[PDB]
Asks: 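Sharing a structure with you now.
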Amino acid sequence: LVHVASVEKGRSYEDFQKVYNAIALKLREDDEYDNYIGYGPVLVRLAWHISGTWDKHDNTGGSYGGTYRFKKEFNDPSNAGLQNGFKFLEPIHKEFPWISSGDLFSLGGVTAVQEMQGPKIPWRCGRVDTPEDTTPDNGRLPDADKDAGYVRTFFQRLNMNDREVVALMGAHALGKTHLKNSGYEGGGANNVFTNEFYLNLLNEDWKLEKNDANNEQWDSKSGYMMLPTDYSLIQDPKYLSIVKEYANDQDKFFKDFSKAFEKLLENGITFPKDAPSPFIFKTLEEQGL
Ligand code: HEM
């Protein structure tokens with residue numbers, strides 16, 4: 001099973017920067033969402049969930065097909081709450097109807113990271129919408145109530161190693177959990193991309209509590225929370241080494257995150273040798289907009 005990237009006809013860097021700008025301007029304008037967190041974090045989560053269905057064994061799932069637009073995937077209980085991100089992007093899809101669904105969902109993630117003062121993330125175009133029968137079945141996204149061994153094994157399906165896993169998990173500095181979506185609550189209200197996830201893991205006094213959905217989570221008096229899968233990063237000696245590395249080197253964390261997130265968004269896609277190089281988009285701030 002081969003998914004070959006095909007550039008939207010006649011489109012170049014300037015077309016995709018226009019789409020980035022549209023997303024970025026709406027992120028700035030629709031700022032009230034989720035108690036003034038804004039849509040940044042949910043767009044990062046959406047980019048990850050549409051990519052995180054991939055299976056390296058048979059090349060099914062992944063971002064290429066834009067299959068989240070179909071009912072089976074849209075209604076996956078693992079995707080509860082992502083409808084808010086889809087609704088955000090819908091007017092963008094209408095203004096730029098030539099962009100494929102997988103390109104738009106993945107670009108929404110890149111735009112959100114960058115606009116939240118995260119690292120630059122190189123991005124490639126050419127995902128092509130595939131039909132409804134290519135939609136992966138539910139149950140390919142990870143459970144939160146598990147341990148390190150589970151996390152490690154899970155991410156092997158996505159061809160991610162320990163360092164890639166720990167770097168990706170730093171996105172849990174962003175946004176929050178919502179009881180009605182996942183059965184976890186809390187986490188604060190952060191919408192600036194930093195390495196604080198690692199600092200918080202190492203420095204907070206964590207307590208194992210049960211929430212109103214009868215699930216266990218780790219809570220601190222500062223108002224932060226860790227999922228069991230988050231906390232497992234300090235229980236496993238290989239993960240703990242990497243947590244310490246990112247807690248002590250913001251730049252290293254940004255660079256490793258950028259590479260792992262690009263890889264996540266590109267898994268399953270074959271880029272022809274003559275494809276355009278990856279694009280690095282300017283932020284609104286860089287453009288003076
Ligand atoms: C073992 C892997 C993972 C598990 C079990 C996991 C689980 C969760 C759960 C339960 C929530 C709360 C959803 C809600 O209640 O709204 C969440 C939020 C989030 N996750 Fe993950 N996650 C994992 C990996 C990742 C990765 C790899 C990324 C991105 C690189 C990511 C980015 C986010 C973001 C940005 C939010 C906040 C969304 C919002 O504020 O609406 N997560 N995660």
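Order of listing sets the numbers, starting from 1, for every ligand and every atom in it. Each residue takes its place number in the sequence, starting with 1.
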Asks: Would you mind listing which atoms of ligand 1 come within a distance below 4.0 Å of any non-hydrogen atom of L174?
Replies: 37 (C)
Asks: Counting from 1, what ligand 1 atoms have a heavy atom of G175 closer than 4.0 Å?
Replies: 40 (O)
Asks: Can you pull out the closest protein heavy atom to atom 30 (C) of ligand 1? Residue, atom name and distance to 0.1 Å, please.
Replies: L168 O, 3.4 Å
Asks: For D129 and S101, which I'm curious about, is there any donor-acceptor pair between the side chains at under 3.5 Å?
Replies: yes
Asks: Would you say the ring centers of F16 and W98 fall short of 6.0 Å from each other?
Replies: yes
Asks: Could you find the nearest protein heavy atom to atom 9 (C) of ligand 1 and give me its residue, atom name and distance?
Replies: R45 NH2, 3.4 Å
Asks: When you measure from atom 6 (C) of ligand 1 to each heavy atom in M160, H172, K176, which option holds the nearest one?
Replies: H172
Asks: Identify the closest protein heavy atom to atom 35 (C) of ligand 1: which residue and atom is it, and at what distance?
Replies: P41 O, 3.3 Å
Asks: Got a donor-acceptor contact below 3.5 angstrom from the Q217 side chain to the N211 backbone?
Replies: no
Asks: Can the positive tip of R124 be found less than 6.0 Å from the middle of the six-membered ring of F271, inside 45° of the ring normal?
Replies: yes
Asks: Check whether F154 forms a cation-pi arrangement with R157 (NZ or CZ under 6.0 Å from the six-membered ring centre, at most 45° off the ring normal).
Replies: yes
Asks: Heavy-atom contact under 4.0 Å between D143 and ligand 1?
Replies: yes
Asks: Can an N or O of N181 be found at a distance shorter than 3.5 Å from an N or O of ligand 1?
Replies: yes
Asks: Ignoring angles and geometry beyond distance, decide whether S182 reaches within less than 3.5 Å of ligand 1 through its nitrogen or oxygen atoms.
Replies: yes
Asks: May I ask you to identify, for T177, whether its side chain, its backbone, both or neither come under 4.0 Å of ligand 1 on a heavy-atom basis?
Replies: both
Asks: Considering only non-hydrogen protein atoms, determine which one is nearest to atom 29 (C) of ligand 1 and report residue, atom name and distance to 0.1 Å.
Replies: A171 CB, 3.5 Å
Asks: Identify, for atom 2 (C) of ligand 1, the protein heavy atom at the shortest distance, and state residue, atom and that distance.
Replies: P142 CG, 3.6 Å
Asks: Using a strict cut-off of less than 4.0 Å between a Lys/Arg side-chain nitrogen and an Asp/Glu carboxylate oxygen, indicate whether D251 and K255 qualify as a salt bridge.
Replies: yes
Asks: Which heavy atom of the protein is the closest neighbour of atom 7 (C) of ligand 1, given with residue, atom name and distance?
Replies: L227 CD1, 3.5 Å
Asks: Please list the nearest protein heavy atom to atom 16 (O) of ligand 1 with its residue and the distance rounded to 0.1 Å.
Replies: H178 ND1, 2.7 Å
Asks: Distance under 4.0 Å to a non-hydrogen atom of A144: what atoms of ligand 1 satisfy this?
Replies: 5 (C)
Asks: Please determine if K26 forms a cation-pi arrangement with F88, meaning its NZ or CZ atom is less than 6.0 Å from the six-membered ring centre and no more than 45° off the ring axis.
Replies: yes
Asks: Hey, is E245 close enough to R163 for a salt bridge, meaning N to O under 4.0 Å?
Replies: yes
Asks: Any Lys/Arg nitrogen of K176 or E185 sitting under 4.0 Å from an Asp/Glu carboxylate oxygen of the other?
Replies: yes
Asks: Please confirm whether the backbone N or O of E209 pairs with a side-chain atom of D219, one donor and one acceptor, at under 3.5 Å?
Replies: no
Asks: State the atoms of ligand 1, each with its element, that fall below the 4.0 Å cut-off from a heavy-atom position in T229.
Replies: 5 (C)
Asks: State whether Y239 and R152 meet the cation-pi test: NZ (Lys) or CZ (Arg) under 6.0 Å from the six-membered ring centroid, and within 45° of the perpendicular axis.
Replies: yes
Asks: Starting from atom 25 (C) of ligand 1, what is the nearest protein heavy atom, named by residue and atom, and what distance separates them?
Replies: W48 NE1, 3.2 Å
